[PDB]
Amino acid sequence: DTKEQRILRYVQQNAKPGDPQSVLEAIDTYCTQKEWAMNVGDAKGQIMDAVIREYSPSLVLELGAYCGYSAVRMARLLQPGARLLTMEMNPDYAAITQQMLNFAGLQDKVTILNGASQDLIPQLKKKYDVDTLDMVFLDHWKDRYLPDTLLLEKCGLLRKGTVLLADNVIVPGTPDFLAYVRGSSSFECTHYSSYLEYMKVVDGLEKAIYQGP
Ligand SMILES: Cc1c(Cl)c(C)[n+]([O-])c(Cl)c1-c1noc(-c2cc(O)c(O)c([N+](=O)[O-])c2)n1
Ligand SMILES: Nc1ncnc2c1ncn2[C@@H]1O[C@H](CSCC[C@H](N)C(=O)O)[C@@H](O)[C@H]1O
Ligand SMILES: [Mg+2]
């Protein structure tokens, strides 16, 4: 089997069904003690939790689901009626994410989009009944952060106050995205310095709040 299947099996065998917090702790436990994996982790996840609780977004878009750790982390804090849409181009990973969300009891809150973000972003308004996004979590391939941010703006998916939260802006790093949002008056930026998941390597999240054209 794969590492992603072993993570899901550990959750199914150790986490409590319908308990998102228990599912998160099981994923973090397995990857801390057995196999490292690119989940956002508990250190940066706690910063994510605080950002989510401050802005209380009604519609969240996630770029990169992997095994569903970040989707479980964000969906467990959403108000009733709020929605999370997550895009995952790997079908093997998205099948794991769906089973992870089902186990945590959050399937009614999260919708998985199978495909590449650059192909799915232009179809959000028509196919998934989206006006503008309240929050965007960027966590896919690092070279897509900036072009997808420009694509989200072109398709009219950003409004004044839309919160962009970017992972891995230090390690592995997103230099072009970081330089663009920090240099553009369209984005007010705040850096939250933390640590790479399950490690003591320095990383951080960048919050970029859209201010308009
Ligand atoms: C593990 C590691 C170590 Cl020990 C060192 C020293 N360095 O330099 C790097 Cl770069 C890595 C590293 N490899 O992959 C990732 C990573 C993390 C994500 O959170 C993420 O989302 C994605 N991703 O591909 O989406 C990738 N990090
Ligand atoms: N262009 C793209 N469109 C959609 N998904 C992409 C993508 N490029 C990479 N990805 C996916 O994004 C994932 C990044 S790992 C992200 C982990 C997750 N956000 C968490 O914290 O738990 C990978 O699984 C990869 O398959
Ligand atoms: Mg990441």
# chains A, B, ... in the order shown; residues from 1 in each chain; ligands from 1

$ residues_near_ligand --ligand "ligand 2" --cutoff "9 Å" --atoms "only C-alpha atoms and all ligand atoms" --output "MDAnalysis selection string"
chainID A and resid 37:41 45 62:73 86:94 113:120 137:144 148 167

$ select_by_dssp --residues "segment 119-172 of chain A" --states "helix (DSSP H, G or I)" --output "JSON, numbers by chain"
{"A": [119, 120, 121, 122, 123, 124, 125, 126, 127, 142, 143, 144, 145, 146, 147, 148, 149, 150, 151, 152, 153, 154, 169, 170, 171, 172]}

$ closest_residue --among "A:213, A:95, A:207, A:162" --to "residue 185 of chain A" --atoms "only C-alpha atoms"
A:213

$ closest_residue --among "A:209, A:7, A:199, A:133" --to "residue 97 of chain A" --atoms "only C-alpha atoms"
A:7

$ atom_distance --atom1 "atom CA of residue 29 of chain A" --atom2 "atom CA of residue 4 of chain A"
14.2 Å

$ residues_around --residues "residue 77 of chain A" --least-positions-apart "2" --cutoff "9 Å" --atoms "only C-alpha atoms" --output "PyMOL selection string"
chain A and resi 49+52-53+56+72-75+79

$ write_last_selection --atoms "C-alpha atoms" --output "PDB file, in the first residue's frame"
ATOM      1  CA  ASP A  49      -7.461  27.760  13.770  1.00  0.00           C
ATOM      2  CA  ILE A  52     -10.438  30.937  10.995  1.00  0.00           C
ATOM      3  CA  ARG A  53     -12.006  31.863  14.338  1.00  0.00           C
ATOM      4  CA  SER A  56     -15.531  33.242  10.562  1.00  0.00           C
ATOM      5  CA  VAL A  72     -10.722  18.464   8.601  1.00  0.00           C
ATOM      6  CA  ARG A  73      -8.897  21.216  10.500  1.00  0.00           C
ATOM      7  CA  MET A  74     -10.842  24.043   8.843  1.00  0.00           C
ATOM      8  CA  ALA A  75     -14.250  22.377   8.438  1.00  0.00           C
ATOM      9  CA  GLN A  79     -20.390  27.761  11.309  1.00  0.00           C
TER      10      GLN A  79
END

$ residues_around --residues "segment 189-191 of chain A" --least-positions-apart "4" --cutoff "8 Å" --atoms "only C-alpha atoms" --output "list in words"
residues 181, 182, 204, 205, 206, 207, 208 and 209 of chain A

$ write_last_selection --atoms "N, CA, C and O atoms" --output "PDB file, in the first residue's frame"
ATOM      1  N   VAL A 181       2.608  39.661  -3.318  1.00  0.00           N
ATOM      2  CA  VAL A 181       1.570  40.120  -2.400  1.00  0.00           C
ATOM      3  C   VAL A 181       2.117  41.185  -1.456  1.00  0.00           C
ATOM      4  O   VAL A 181       1.412  42.137  -1.100  1.00  0.00           O
ATOM      5  N   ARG A 182       3.380  41.052  -1.042  1.00  0.00           N
ATOM      6  CA  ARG A 182       3.961  42.045  -0.144  1.00  0.00           C
ATOM      7  C   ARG A 182       4.229  43.359  -0.861  1.00  0.00           C
ATOM      8  O   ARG A 182       4.172  44.426  -0.238  1.00  0.00           O
ATOM      9  N   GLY A 204       6.490  29.345   7.953  1.00  0.00           N
ATOM     10  CA  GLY A 204       5.540  30.369   8.332  1.00  0.00           C
ATOM     11  C   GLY A 204       4.370  30.415   7.380  1.00  0.00           C
ATOM     12  O   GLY A 204       4.448  29.944   6.240  1.00  0.00           O
ATOM     13  N   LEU A 205       3.275  30.981   7.874  1.00  0.00           N
ATOM     14  CA  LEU A 205       2.102  31.265   7.064  1.00  0.00           C
ATOM     15  C   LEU A 205       2.065  32.753   6.745  1.00  0.00           C
ATOM     16  O   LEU A 205       2.438  33.586   7.576  1.00  0.00           O
ATOM     17  N   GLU A 206       1.621  33.084   5.538  1.00  0.00           N
ATOM     18  CA  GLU A 206       1.422  34.469   5.133  1.00  0.00           C
ATOM     19  C   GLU A 206      -0.067  34.707   4.939  1.00  0.00           C
ATOM     20  O   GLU A 206      -0.716  34.003   4.156  1.00  0.00           O
ATOM     21  N   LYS A 207      -0.606  35.682   5.660  1.00  0.00           N
ATOM     22  CA  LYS A 207      -1.978  36.130   5.474  1.00  0.00           C
ATOM     23  C   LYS A 207      -1.960  37.354   4.569  1.00  0.00           C
ATOM     24  O   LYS A 207      -1.309  38.354   4.888  1.00  0.00           O
ATOM     25  N   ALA A 208      -2.659  37.268   3.441  1.00  0.00           N
ATOM     26  CA  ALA A 208      -2.751  38.361   2.478  1.00  0.00           C
ATOM     27  C   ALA A 208      -4.223  38.701   2.291  1.00  0.00           C
ATOM     28  O   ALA A 208      -4.981  37.906   1.724  1.00  0.00           O
ATOM     29  N   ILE A 209      -4.627  39.873   2.768  1.00  0.00           N
ATOM     30  CA  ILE A 209      -6.017  40.308   2.712  1.00  0.00           C
ATOM     31  C   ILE A 209      -6.198  41.179   1.477  1.00  0.00           C
ATOM     32  O   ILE A 209      -5.548  42.223   1.340  1.00  0.00           O
TER      33      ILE A 209
END

$ select_by_dssp --residues "segment 46-189 of chain A" --states "strand (DSSP E)" --output "ChimeraX atom specification"
/A:59-63,83-88,110-114,133-138,158-166,187-189

$ residues_around --residues "residue 84 of chain A" --least-positions-apart "3" --cutoff "7 Å" --atoms "only C-alpha atoms" --output "VMD selection string"
chain A and resid 59 to 61 75 109 to 111

$ closest_residue --among "A:42, A:96, A:130, A:186" --to "ligand 3" --atoms "only C-alpha atoms and all ligand atoms"
A:42

$ closest_residue --among "A:5, A:14, A:193, A:184" --to "residue 99 of chain A" --atoms "only C-alpha atoms"
A:5

$ closest_residue --among "A:172, A:212, A:183, A:147" --to "ligand 3" --atoms "only C-alpha atoms and all ligand atoms"
A:172

$ atom_distance --atom1 "atom CA of residue 192 of chain A" --atom2 "atom CA of residue 171 of chain A"
13.3 Å
